[PDB]
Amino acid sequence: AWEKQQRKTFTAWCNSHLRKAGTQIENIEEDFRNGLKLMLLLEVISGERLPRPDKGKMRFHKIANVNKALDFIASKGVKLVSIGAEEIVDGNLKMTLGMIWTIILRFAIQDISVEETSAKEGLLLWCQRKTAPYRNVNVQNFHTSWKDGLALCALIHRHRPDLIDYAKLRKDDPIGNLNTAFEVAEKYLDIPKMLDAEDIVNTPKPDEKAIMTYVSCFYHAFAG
C-alpha cells in the first residue's frame, strides 16, 4: 500500500518544484526514465547548474543523463544505495521511488537545523515547538501523531491564525481535520495536496516518508 501512496506524494512533491521550470510529470515510473526532468528537478531545488544533457533518445543517452543526476546527488554527500542508472532508465518503481526520497531527504530535510538538531530529528522538534501550545496535539513521530489531522491544522494555525478556526475542530473528525488542513494549504499557501485523507486514517501507521515530505513543505513555507 505504501508504494501507491509514496508514488502519489512523491509525484506531487516533484511537480510542486518542476512547475517553476514550467513542466510537470504524470507517471513517476515513466517521466524520469530519460533523466531530463530529473536533472531539471535537481537544478530547481538546489539552485545549481548540472552538466548539460546529452541529446538523443537512445538507451545509452538516458543512462548518461540519469548518471549526471545520480552523480550530482552523490556529490552532495549522498550514498546511492544499490541505485543505478540502469534501473532508473528501465523505469523500476522501487528504485525510482527510492531515488526521489533520497533527493527529498537530501535537498529538503537534511539541512534543517533546530536547536542543535538536524534533518529528520530537526523537523520533528520544530513541529513540536510550534504545536506545543495545542493541548489536543502530541507530535512524537511522523506517522501516528498526524492521523487525526489536528497536528497539521495546529501547525498551520500557529503561523496563520486567520486561516483556520482551530476551536471548531474536533478530534473524532479526522477526515474533516485533514481535508481542512489540506484545502487551506493548497488554497492559501500554494502547497499542493500530497496526501490522501482516507489513507492516513485507514492505515494503522501512515507512511513516515510521505508525511515528512508534506510537512517539510510547511517548514519551508513558514521559514521564508
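Numbering starts at 1 and follows the sequence shown.
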Practice item. Read off the CA B-factors in the entry, average them over 74-82 and over 94-102, and name the higher stretch. Key: 74-82
Check your understanding: Averaged over C-alpha atoms, is the B-factor higher for 159-167 or for 36-44 in this PDB entry?
Key -> 159-167
Point to revise | Selection by C-alpha B-factor (highest) of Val89, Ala108, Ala132, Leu124 | key: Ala132
Point to revise | Options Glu198, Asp31, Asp173, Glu183 - largest CA temperature factor per the record | key: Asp173
Point to revise | Cα B factor band for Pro192 (lowest, middle or highest third within the chain) | key: lowest
Study note, to complete from the structure: Of the three thirds of Cα B-factor ranks in this chain, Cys14 occupies the lowest
Exercise for review: Select lowest, middle or highest to describe the third in which the CA B-factor of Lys57 falls within its chain in this entry.
Suggested key: highest
Practice item. Tell me, lowest, middle or highest third: where does the Cα B factor of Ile211 rank within its chain? Key: lowest
Point to revise | Chain-relative CA temperature factor third for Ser145 | key: lowest
